[PDB]
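For reference, the structure discussed in these notes is given below.
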Amino acid sequence: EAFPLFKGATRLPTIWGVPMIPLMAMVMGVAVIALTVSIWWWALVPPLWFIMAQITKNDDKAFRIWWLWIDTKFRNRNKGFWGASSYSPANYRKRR
Amino acid sequence: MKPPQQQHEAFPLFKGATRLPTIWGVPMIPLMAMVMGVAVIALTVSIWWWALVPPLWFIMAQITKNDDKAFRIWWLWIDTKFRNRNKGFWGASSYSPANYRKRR
Amino acid sequence: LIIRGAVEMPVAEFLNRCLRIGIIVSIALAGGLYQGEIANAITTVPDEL
Amino acid sequence: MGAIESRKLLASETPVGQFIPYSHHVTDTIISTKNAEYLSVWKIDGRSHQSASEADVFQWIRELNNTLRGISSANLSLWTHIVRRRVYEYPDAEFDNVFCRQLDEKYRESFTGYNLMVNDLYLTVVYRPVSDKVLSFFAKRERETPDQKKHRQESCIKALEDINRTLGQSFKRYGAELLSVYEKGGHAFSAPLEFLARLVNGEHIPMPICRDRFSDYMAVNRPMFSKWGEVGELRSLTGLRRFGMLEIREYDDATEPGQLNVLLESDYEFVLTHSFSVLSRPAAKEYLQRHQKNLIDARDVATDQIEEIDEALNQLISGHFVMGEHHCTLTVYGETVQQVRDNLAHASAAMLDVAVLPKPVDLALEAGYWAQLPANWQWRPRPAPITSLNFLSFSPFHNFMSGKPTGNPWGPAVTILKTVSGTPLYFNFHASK
Amino acid sequence: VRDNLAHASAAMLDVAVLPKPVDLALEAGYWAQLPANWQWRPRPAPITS
Amino acid sequence: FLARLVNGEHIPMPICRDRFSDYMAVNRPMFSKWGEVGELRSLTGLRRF
Amino acid sequence: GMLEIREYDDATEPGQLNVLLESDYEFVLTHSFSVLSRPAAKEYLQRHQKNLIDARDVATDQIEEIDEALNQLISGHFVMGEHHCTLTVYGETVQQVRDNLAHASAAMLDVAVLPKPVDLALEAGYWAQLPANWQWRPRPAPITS
Amino acid sequence: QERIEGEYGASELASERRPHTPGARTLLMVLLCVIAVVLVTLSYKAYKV
C-alpha cells in the first residue's frame with residue numbers, strides 16, 4: 001500500500017543525456033582551446049562529452065558535488081595551518 | 001514422509017546459473033590455454049599449424065555446451081590428485097597429518 | 001572515475017572493454033604502414049601474372 | 001635401502017597443512033587465515049518444520065531473506081553444515097531401585113534397530129577484506145607495513161562482529177549460539193576448531209590452543225583418497241571411516257522451501273555442505289543480463305521468456321535478492337566401501353526425488369573434500385550462481401527436534417522418547433531460556 | 001563517529017533507502033542544514049509530497 | 001535551535017544590536033580535507049560529527 | 001605402537017603428563033634435551049619472531065609473548081635446546097595396542113596436550129630412543145629448559 | 001618555546017588517509033605494462049614511417 005515513488009527523481013534536464021550547466025562548461029572550455037591554440041580542436045568535444053554522458057548516467061548529480069567541493073573546501077586558504085579547513089567564528093572582516 | 005512441497009509458488013530459479021563468461025561459447029581461461037598451446041606448436045615445428053585451432057576449438061565448444069564446467073574439474077584433478085607423489089606406495093593418495101616440512 | 005563513483009564492473013568488463021578498444025585502435029593505426037600494402041598490391045600483380 | 005628409506009619417504013610428503021586454511025584465534029569468536037580472512041562459526045538449533053503450515057515456512061524464508069539482504073556485503077560468504085551424526089555420548093546410568101533398573105533395561109531393549117542419530121546444523125559467515133579477484137591477484141604479492149596490517153585487522157574484526165550481532169538478532173527463533181573459546185584445566189580449548197576438525201578428521205577431537213598455527217596440528221587422521229573413484233578412507237586410531245562424496249549440478253524450475261529436508265530423515269551418517277559467495281550487484285545484474293540475452297536470442301516463449309526475467313531484473317535492481325556462487329557436497333560416512341556406495345545411491349535417489357539431479361563427484365573427490373572447510377573457494381568443484389532466496393531455500397535451517405544429550409545442567413538427558421518423525425528426542429526438563 | 005555512521009548506514013539500508021556517506025560535500029551538507037539554504041544542498045531530488 | 005544546528009551545543013542566544021550572522025556562531029568548526037568527519041572546537045569540549 | 005608428544009606451551013603443572021605414571025599398559029616415555037649454545041638460541045628466537053611477523057595475518061597474542069621470551073632468555077637464565085617426546089606403548093594383540101593408544105590419547109587430552117599418532121616415522125622414532133641417536137629424531141623443536 | 005601542554009593543537013583529522021582497494025595497484029601496474037609495450041611498438045612504426 002506504500003505511496004508510489006516514481007523514478008523521475010533527479011532525471012535532470014538533459015540534452016543528449018547530459019545536463020545543461022556542465023555541458024555549457026565543456027563548450028566554453030573547448031571554445032577556449034579552439035580560440036587559443038588551434039582550430040582543429042573541436043574534435044576535443046566528443047571524447048569528453050561521451051565520458052560526461054557515462055558519468056552522468058551512472059551518478060546523475062556528480063557535477064553539483066564537484067562544484068560544491070571546488071567552491072568551498074578548495075578555496076579555503078588556511079587548510080594547512082589548522083590541519084583542517086576552518087572558519088573563524090568571530091567576524092574578522094579586516095576592519096580595525 | 002512429505003516435508004514442505006511446491007504449489008507453483010516456488011521462488012523462481014533462472015538458468016543463468018553457470019552461464020560462464022564465454023566468447024564464441026567457450027570460457028576465457030581454457031580457450032587461452034588452447035591459444036597458448038597452439039602458439040607453442042606454431043612457434044616450435046611449423047607455421048602452417050594455426051589450422052590446429054578450429055578442430056580442438058570446436059570440440060571444446062561441444063564439451064562446454066554439454067557440461068559447462070568440465071575444465072574446472074579437470075584442473076582440480078590435475079593439480080591435486082595427479083601431483084601427489086606416493087600414490088603407488090599407499091594404494092591411494094594420502095597426505096601426512098604431522099607436518100613434515102623436511103625440517104630436521 | 002569508475003573505481004570512485006561511477007557504475008563499474010572492475011576486473012572483467014572494464015579490462016575486457018579496454019582490451020577490445022586497444023586492439024581495434026592498434027590494428028587501425030597499423031594502417032600507418034601504408035607503403036607496405038601499396039607495394040604488396042603492385043607486386044601481387046606481376047608475381048601472379 | 002632397508003634402513004634409511006623411512007626418512008626418505010617421510011620428508012617427501014605433502015602435509016595436510018597445505019589444504020587447511022586456518023591460523024591463530026584473533027578474537028575469542030573469530031579465526032584468522034593465512035590469507036587474512038576472518039570467520040566465525042554459528043551453532044544453530046534449527047527450528048521445527050513438521051509442525052507448521054506450508055505458507056508459514058514461506059514466511060520464515062521471507063523474514064530470513066529480509067534480514068540477510070541488509071547485511072549481505074559483497075565481501076561475505078556462508079557455509080552451512082548439517083552434520084548428521086550418531087550419538088556415542090549418552091552414558092548408561094547406574095541405579096539402585098530394582099523396579100527402575102528393570103524399567104530402564106526394558107526401555108533400552110526397546111531401541112534395538114532405531115535411528116539413534118542427531119542432526120547438528122552450523123553456519124560460518126566468512127569475511128574476505130577484498131572482493132574482486134583481479135586486484136587480489138596483485139594483493140597476494142605486495143608487502144604491507146605492520147601498522148596497516150593492523151588497520152585491516154580491526155576493520156575486518158569490527159565488520160564481522162557486526163555481522164555476528166545481526167545474525168544473532170535474526171536467529172531469535174532459531175536458537176542460535178555463537179561458538180567461542182572455553183577453558184579446561186588452565187588451557188584454552190577452541191569451540192569452532194572442534195567443528196572444523198570434525199570436518200577434517202571425521203571425529204570429534206577436542207582441539208586445544210597450542211603455540212603454533214592451527215594448520216600445523218589440526219589434523220590427527222591421515223586421509224586416503226582413491227586414485228579412480230568417489231570414496232576415500234580415514235586411517236585413525238579409533239577405526240577406519242570410509243567416506244563417499246556427492247555433488248549437485250542440475251537444478252530445476254523451482255526453489256520449493258526446504259526441498260533438502262529428505263536428507264534429515266537419513267539412515268546414513270553424513271555431512272552436507274553449502275556455500276554462498278555473495279556477489280556484487282553489478283556482477284549479478286550482468287549474469288542476469290547474460291541469461292536474458294541468451295533467452296531472448298531465440299523463439300518468443302510466451303511467459304517463461306519475457307515477464308519472468310522482467311521481474312527478476314527489476315527485483316535485483318530494487319534490492320530484493322543478492323546473487324551468489326553456490327555448491328553443495330553431501331558426503332556420506334560409512335565403515336565399508338560397499339556400504340558407503342549403497343548410502344551414496346540412496347542419497348542420489350533422495351535428491352532426485354526432490355528434483356535436483358545429482359552426479360557423484362569422481363575426479364574432484366579430493367577438491368570437494370577440501371572444499372568443505374570454510375574459507376576455501378579455490379577448491380570448490382562447481383560454483384553456480386543462484387538467487388539468494390534460492391540459497392536460503394537450500395538451507396532454511398529446518399531440523400527435527402532432538403534436544404541435548406549431554407552438557408545439561410544436571411548431566412545426561414533424562415529419557416529418550418520415540419518420535420513420530422523417527423528421529424529420537426533426548427528429553428530433559430531444563431530448556432533454554 | 002565512524003562506527004555510528006556505519007550503524008546509521010545499516011539502519012537506513014534496513015528500510016530500503018540506499019545511503020552513501022557524503023565525502024566531498026561534507027561542508028556543503030553541513031551548511032545545508034540551516035533553513036533558507038538551497039544553494040548548499042548536495043543532492044536535491046524531486047519526489048511526491 | 002538554529003545555533004544548535006551551527007554550534008552543536010545549546011547556547012542561549014540574546015538579541016543584540018547586530019545581524020545574527022555576525023555573532024551567532026561561538027564554536028570554531030573544522031572540516032577534514034579528505035573525509036566525512038569534522039570537529040567543533042568549543043570551550044566545553046570537542047565534538048566530532 | 002608409538003605416539004609423538006610435540007608440545008610448545010608452557011606446562012600448567014610442574015608435572016603435566018604424570019597421568020601416564022598410573023596406567024594399565026607398559027611404555028617407555030622418552031625426552032631428549034640437546035642443548036643449544038646461547039647465541040644459537042637467540043638466533044632461533046629471532047628467526048621465529050621474524051617469520052611470524054612476515055605473514056598476512058597479525059596475531060598480537062603471539063608476537064609480544066615471543067618478544068618477551070627473547071629477552072627473558074638472557075635475564076631469566078634458562079638455556080634452551082632440542083626436544084622430541086615419544087611414547088612407545090607395548091602390548092600383545094595389535095588391536096590391544098591401538099586401544100592402549102586411544103586410552104593414552106584421551107588421558108593426555110585431559111591434560112591439555114594433543115598426541116599426534118606416528119604412522120611412517122615409527123622406525124626413526126624407535127631408533128631415536130637410544131641415547132646418542134640425535135640423527136633419528138623425527139622432528140625436534142626447541143623447548144625452554 | 002614548545003607547544004603549550006594540554007591545549008588544542010592542530011586537528012586530529014589530518015591523520016586520516018584514503019584507503020586503497022588492495023587490487024588496484026598490482027593490476028593497474030600490469031595493465032600499464034601491456035599498454036606501454038603496445039604504444040612503444042606503435043611509435044616504433046611511427047618513426048619508421
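Lettering and numbering for the C-alpha cells are positional, with chains as A, B, ... in the shown order, residues counted from 1 in each chain, and ligands counted from 1 in the shown order.
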
Checklist entry - What's the 9 Å shell around residue 73 of chain B, counting only C-alpha atoms, without same-chain residues fewer than 5 positions away, as a list in words? => result residues 78 of chain B; 363, 364, 367, 381 and 382 of chain D

Within 10 Å of residue 7 of chain F, counting only C-alpha atoms, which residues show up once you throw out same-chain ones fewer than 6 positions away? Write them as a short mmCIF file (atom, residue, chain, number, x, y, z; two decimals) with N, CA and C atoms, in the first residue's frame, please.
```
data_model
loop_
_atom_site.label_atom_id
_atom_site.label_comp_id
_atom_site.auth_asym_id
_atom_site.auth_seq_id
_atom_site.Cartn_x
_atom_site.Cartn_y
_atom_site.Cartn_z
N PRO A 89 34.92 31.85 14.03
CA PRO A 89 33.58 32.27 14.48
C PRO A 89 33.43 33.77 14.58
N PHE F 1 17.71 27.22 18.53
CA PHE F 1 17.66 25.99 17.76
C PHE F 1 18.61 26.04 16.56
N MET F 24 26.31 34.70 15.81
CA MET F 24 25.51 33.53 16.11
C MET F 24 26.32 32.24 16.16
N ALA F 25 27.62 32.29 15.89
CA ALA F 25 28.49 31.13 15.96
C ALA F 25 29.55 31.37 17.02
N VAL F 26 29.57 30.53 18.04
CA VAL F 26 30.54 30.64 19.13
C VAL F 26 31.46 29.42 19.17
N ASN F 27 31.40 28.57 18.15
CA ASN F 27 32.23 27.37 18.07
C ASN F 27 32.93 27.35 16.73
N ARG F 28 34.25 27.32 16.75
CA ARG F 28 35.05 27.25 15.53
C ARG F 28 35.00 25.85 14.94
N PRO F 29 34.28 25.64 13.85
CA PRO F 29 34.24 24.31 13.25
C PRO F 29 35.50 24.03 12.46
N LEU F 40 34.37 20.26 16.13
CA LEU F 40 33.95 21.56 16.63
C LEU F 40 34.76 21.89 17.88
N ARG F 41 35.60 22.92 17.79
CA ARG F 41 36.49 23.29 18.88
C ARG F 41 35.77 24.30 19.77
N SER F 42 35.22 23.82 20.88
CA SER F 42 34.45 24.64 21.80
C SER F 42 35.12 24.68 23.16
N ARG F 47 33.56 18.14 19.78
CA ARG F 47 32.51 17.26 19.30
C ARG F 47 32.78 16.94 17.84
#
```

Checklist entry - Counting only C-alpha atoms, what is within 10 Å of residue 12 of chain H, bar same-chain residues fewer than 5 positions away, as a list in words? => result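 Near neighbours after the sequence-gap exclusion: residues 82, 83 and 84 of chain A; 32, 38 and 39 of chain F.
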
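Contact shell of segment 12-25 of chain G at 9 Å (only C-alpha atoms; same-chain neighbours under 4 positions omitted): residues 185, 186 and 187 of chain D; 89, 90, 91, 97, 100, 104, 107, 108, 111, 112 and 113 of chain G.
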
Item to check | Check: which chain E residues lie within 9 Å of chain F using only C-alpha atoms, as a ChimeraX atom specification | outcome: /E:1-2,21-27,30-31,33-35

Could you take the residues named above and write them with N, CA and C atoms, as a PDB file, in the first residue's frame?
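Now in out.pdb:
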```
ATOM      1  N   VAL E   1      32.606   8.115  15.821  1.00  0.00           N
ATOM      2  CA  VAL E   1      31.649   8.717  14.903  1.00  0.00           C
ATOM      3  C   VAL E   1      31.560   7.910  13.614  1.00  0.00           C
ATOM      4  N   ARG E   2      32.669   7.327  13.156  1.00  0.00           N
ATOM      5  CA  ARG E   2      32.604   6.434  12.005  1.00  0.00           C
ATOM      6  C   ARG E   2      31.806   5.178  12.331  1.00  0.00           C
ATOM      7  N   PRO E  21      27.743   7.744   2.280  1.00  0.00           N
ATOM      8  CA  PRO E  21      28.277   8.817   3.120  1.00  0.00           C
ATOM      9  C   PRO E  21      28.797   9.966   2.280  1.00  0.00           C
ATOM     10  N   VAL E  22      28.486  11.180   2.709  1.00  0.00           N
ATOM     11  CA  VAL E  22      28.931  12.360   1.986  1.00  0.00           C
ATOM     12  C   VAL E  22      30.396  12.602   2.312  1.00  0.00           C
ATOM     13  N   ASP E  23      31.218  12.711   1.270  1.00  0.00           N
ATOM     14  CA  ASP E  23      32.663  12.803   1.423  1.00  0.00           C
ATOM     15  C   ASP E  23      33.223  14.103   0.864  1.00  0.00           C
ATOM     16  N   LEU E  24      32.947  14.430  -0.394  1.00  0.00           N
ATOM     17  CA  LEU E  24      33.431  15.684  -0.952  1.00  0.00           C
ATOM     18  C   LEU E  24      32.627  16.886  -0.484  1.00  0.00           C
ATOM     19  N   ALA E  25      31.315  16.740  -0.316  1.00  0.00           N
ATOM     20  CA  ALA E  25      30.455  17.845   0.074  1.00  0.00           C
ATOM     21  C   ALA E  25      30.081  17.793   1.549  1.00  0.00           C
ATOM     22  N   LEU E  26      31.021  17.419   2.419  1.00  0.00           N
ATOM     23  CA  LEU E  26      30.749  17.462   3.851  1.00  0.00           C
ATOM     24  C   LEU E  26      30.417  18.875   4.300  1.00  0.00           C
ATOM     25  N   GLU E  27      31.219  19.850   3.885  1.00  0.00           N
ATOM     26  CA  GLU E  27      30.991  21.218   4.326  1.00  0.00           C
ATOM     27  C   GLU E  27      29.732  21.793   3.689  1.00  0.00           C
ATOM     28  N   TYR E  30      26.863  20.316   5.621  1.00  0.00           N
ATOM     29  CA  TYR E  30      26.766  20.892   6.956  1.00  0.00           C
ATOM     30  C   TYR E  30      26.240  22.314   6.918  1.00  0.00           C
ATOM     31  N   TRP E  31      26.512  23.055   5.848  1.00  0.00           N
ATOM     32  CA  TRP E  31      25.888  24.359   5.676  1.00  0.00           C
ATOM     33  C   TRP E  31      24.535  24.275   4.995  1.00  0.00           C
ATOM     34  N   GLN E  33      22.088  22.473   6.333  1.00  0.00           N
ATOM     35  CA  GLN E  33      21.119  22.188   7.380  1.00  0.00           C
ATOM     36  C   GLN E  33      20.380  23.432   7.841  1.00  0.00           C
ATOM     37  N   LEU E  34      21.059  24.562   7.893  1.00  0.00           N
ATOM     38  CA  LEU E  34      20.424  25.787   8.331  1.00  0.00           C
ATOM     39  C   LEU E  34      19.285  26.127   7.386  1.00  0.00           C
ATOM     40  N   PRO E  35      18.075  26.354   7.882  1.00  0.00           N
ATOM     41  CA  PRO E  35      16.964  26.676   6.989  1.00  0.00           C
ATOM     42  C   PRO E  35      17.257  27.924   6.175  1.00  0.00           C
TER      43      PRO E  35
END
```

Next on the checklist: Only residues of chain D matter here; which ones have an atom within 12 Å of chain C, counting only C-alpha atoms? Give them as number ranges by chain.
Outcome noted: D: 131-137, 279-287

Next on the checklist: Residues of segment 10-83 of chain A classed as helix (DSSP H, G or I) by DSSP on the backbone are to be reported as a PyMOL selection string.
Outcome noted: chain A and resi 20-36+40-43+45-58+62-72+79-82

Item to check | Nearest to chain G by atom-to-atom distance, counting only C-alpha atoms, from D:369, D:268, D:22, D:228 | outcome: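 Checking each of D:369, D:268, D:22, D:228 against chain G, counting only C-alpha atoms, the winner is D:22.
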
Taking only residues of chain D that have an atom at most 10 Å from an atom of chain E, what is each one's shortest atom pair and its distance in Å to one decimal, using only C-alpha atoms, in chain and number order, as CSV?
```
residue,atom,partner,partner_atom,distance
D:66,CA,E:14,CA,8.4
D:67,CA,E:14,CA,7.9
D:68,CA,E:14,CA,9.7
D:69,CA,E:14,CA,8.1
D:70,CA,E:14,CA,5.3
D:71,CA,E:10,CA,7.4
D:158,CA,E:3,CA,9.1
D:159,CA,E:6,CA,9.6
D:162,CA,E:7,CA,9.0
D:318,CA,E:16,CA,8.7
D:319,CA,E:16,CA,7.6
D:320,CA,E:16,CA,9.4
```
